[PDB]
Structure formats: C-alpha cells, structure tokens
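Take any residue in the sequence shown, count from 1 to its spot, add 31: that is its number in the UniProt record's numbering.
See below for the structure under consideration.
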Amino acid sequence: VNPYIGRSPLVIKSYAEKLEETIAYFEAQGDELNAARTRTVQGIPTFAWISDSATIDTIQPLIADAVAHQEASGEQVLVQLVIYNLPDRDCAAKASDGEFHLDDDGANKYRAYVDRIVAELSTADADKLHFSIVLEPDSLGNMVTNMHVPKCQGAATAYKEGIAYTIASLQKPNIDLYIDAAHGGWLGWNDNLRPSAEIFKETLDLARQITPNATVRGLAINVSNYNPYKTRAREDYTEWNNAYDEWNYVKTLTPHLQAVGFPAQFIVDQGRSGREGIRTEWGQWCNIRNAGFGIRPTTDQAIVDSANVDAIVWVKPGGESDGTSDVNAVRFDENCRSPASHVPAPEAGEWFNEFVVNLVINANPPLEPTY
Ligand SMILES: [Mg+2]
C-alpha cells in the first residue's frame, strides 16, 4: 500500500532550527510576508540524510522526538531517511566525501554501517513509527551511463551488492524502501530506460538471495535536483529526451519497470523545483541560482495526477549547500562555479542563507504565510 496515505511525514527539527536565520533576515528587511512564508517552511517535512557513520548518532534522538510528537499529536508519523554511504561512493565524480573505500575494506564497513542503522531502527520506539527510506543517491545510474569510468567499473558489483544488503536488512512491516533512480536528464534518455529497469530488478533479485521475500516500494526520483514535476516551458536542453519533466519521467520509465517485474511506484523530490529556466545545461546541479521551493509534499492526486506516484516529497533540504564555490577550498568542485551557480557558496551541507531567501521568493506555487 502507499505508505504516505494518511501519514504525517516528520518535520526535521534540526532543519527547522536552521530556518530561524532566514526568518530573522526577512524580519530585519521589514518583510513580514516572507518571514511568515519561512515559518510555513519550518512546518514542511523533509528527509534526514545519513551520509556518514557519525550521523547515525542523530537517529535515536530523532526517533525519540518523533515518538513524543506522535503521542502529542495523534498523527501517524512517517520518518523519512536517506541512506547514502556506498563504498567508492559517487564513482563518476572527480571527488567524493563518501567515507568508505573498496581498497580499505569498504564493502564490509558499509555492511556494518547498515547494521548500525538497523539497530537504531529496531528499538521499541522505532517500532511505533513508520519509515520511508531512499536508498543511495548517485549510485546505480553510474552502471548505466558511466561504465567507461575506471572507478565505476571497479564499483559496479559493490553498488549492487551494497544496495542489495541494505534492502535485505530493512524488511520490516513499518518500513517502506525506495531505490534512488536519478532524474529524467540522466536515466530518461531512450537508451537508458531498459538498462535502468534491468539493474533495479537485478539489485532486488540479489536482495532476495539474502532475505527470501524481500521487497521494495519503488523508486525515488529527482533527489537533489531541480527538474519540474510538470514543465510550463520545456527547456531546449531536454530536446530528444521524453522525460523532460519528472511526471513524464515516471510515465516513460514505468513500462520498463513493469516489463521486468520491478514495482513502479515513485516518490518525487520537488524541494527545489519551483522555478524553471534557471539552467543553461541539464547537467548543472550545484547551488543553481534563483531556484524556488516547489510543490509542497503531498499525496493529492489532483496535483500528483498519477497512480504510479505515491507522493511528492522534499528530499534534499533547501538551504543546505551542494558544495563550495571557493576555488581554493580543499573540496572545491568546478561544477559549483557553473554559469548557473549561486556564488559564493559554503561547503556541501553547510547553511546557505542567501540561497534559502531565494527559495522562498521564487517558490511556486507561492508559499502560504503562517502569521
Ligand atoms: Mg574522504
């Protein structure tokens, strides 16, 4: 069943707290409407990312807070998590912050990292909650389009085996899993559709060699990207790609999932999708200037308009930088100085207040104020 129906995805307190800076900024500008819209954003659920082992320490406090909230509110709390730590992570990038490396026991270390997450998701408090978990952004798409890259060649089996173990390890009645499936501009090209469906099924099949009746709910798309759910002005760079918005990505990928027997249910990130015409190339991803908050999290079919979409969600938390634009930074990524990037920007994950100011102003539909 669609786990989002009737459920209240969890507001991430640590994220809502960061927005106090944005509220203070608008108040200091004499801008009560945008201050109030930012207050609305504080109440919008986002995903909590587990992108390293240290972050596992945040999970039990998050769960305890979630249970307290469930008791107080009478809601059916749905905790949204991202697992993002495969060994030799981000194999096609020039650099990665992933902490595990295949040549330093990374496969076993990844299993133990998953085991630590499982432990946290196995407490009596965890049992009271429901979870929606996105598995490993920037992973399997590389086996479709980046197999000319030495690091991807060396990591392909490990990505499939890693994700298989994660799936097999999180088979509980209160957990729904969505495997990351990139975005239309990556895997939506005609040549990529069938191989993508095949690798998702292959990975699920591997999971079932570990835990016999293992399942997933489906796929997560547009994670940390900006693609509109429904475009109002198709971009020139989408020429010859039928997945020119994410609703069309769902429509075009679905038949291939069905053909291979992989579940064709999707959650779609729209956290930074409010404004179009902000990029000159589809491949631009880092702190794209003038991005706006998009469609708010919802299961409403009047908006979603697809039996294959479980929900629109906000996976990447807007305001957390994609990377630094400082040319002299140790982790400088040239993508973060693209012609479309917002500069200066702080290190990946650090608060980028100027960017959130713009996410509020450029939100579509406009944010309703909470006065
Ligand atoms: Mg490192």
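For every residue, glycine included, the Cβ atom is placed at its ideal position computed from N, Cα and C.
Less than 8 angstroms between the C-beta atoms of residue i and residue j, yes or no?
i, j, result
"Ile309", "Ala371", "yes"
"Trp382", "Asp336", "no"
"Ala245", "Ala199", "yes"
"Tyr260", "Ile194", "no"
"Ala394", "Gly292", "no"
"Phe162", "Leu112", "yes"
"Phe297", "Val340", "yes"
"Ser84", "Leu117", "no"
"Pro375", "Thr71", "no"
"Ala228", "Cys183", "no"
"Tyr268", "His214", "no"
"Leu224", "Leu284", "yes"
"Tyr209", "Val165", "yes"
"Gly302", "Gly349", "yes"
"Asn258", "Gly216", "yes"
Within 10 angstroms of its Cβ, does residue i collect 16 or more other Cβ (buried), or is it exposed?
i, result
"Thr234", "buried"
"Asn256", "buried"
"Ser153", "exposed"
"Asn359", "exposed"
"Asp276", "buried"
"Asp119", "buried"
"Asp300", "buried"
"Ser45", "exposed"
"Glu51", "exposed"
"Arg248", "buried"
"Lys125", "exposed"
"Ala333", "exposed"
"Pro40", "buried"
"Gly105", "exposed"
"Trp271", "exposed"
"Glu167", "buried"
"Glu102", "exposed"
"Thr311", "exposed"
"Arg327", "buried"
"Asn318", "buried"
May I ask whether a heavy atom of ligand 1 can be found less than 7 angstroms away from the beta carbon of residue i?
i, result
"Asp128", "yes"
Spatial neighbours of residue i within its chain, please: CB distance less than 6 angstroms, with the 5 preceding and 5 following residues excluded, ordered by chain position.
i, result
"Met174", "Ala187, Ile230"
"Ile94", "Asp156, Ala157"
"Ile43", "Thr77, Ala79"
"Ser82", "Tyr115"
"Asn33", "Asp341"
"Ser127", "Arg120, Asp121"
"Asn65", "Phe57, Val391"
"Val110", "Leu41, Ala97, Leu160, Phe162"
"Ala251", "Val165, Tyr209, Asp211, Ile298"
"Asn205", "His161"
What residues in its chain sit with their C-beta under 7 angstroms from that of residue i, if we drop five residues either side in the sequence?
i, result
"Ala47", "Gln73"
"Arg142", "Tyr196"
"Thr262", "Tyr275, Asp276, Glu307"
"residue 420", "No answer is possible for residue 420: the residues shown for the chain start at 32 and end at 402."
Output needed for residue i: all residues of its chain with C-beta closer than 8 angstroms, excluding positions within five of it in sequence on either side, in chain order.
i, result
"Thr329", "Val335, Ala342, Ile343"
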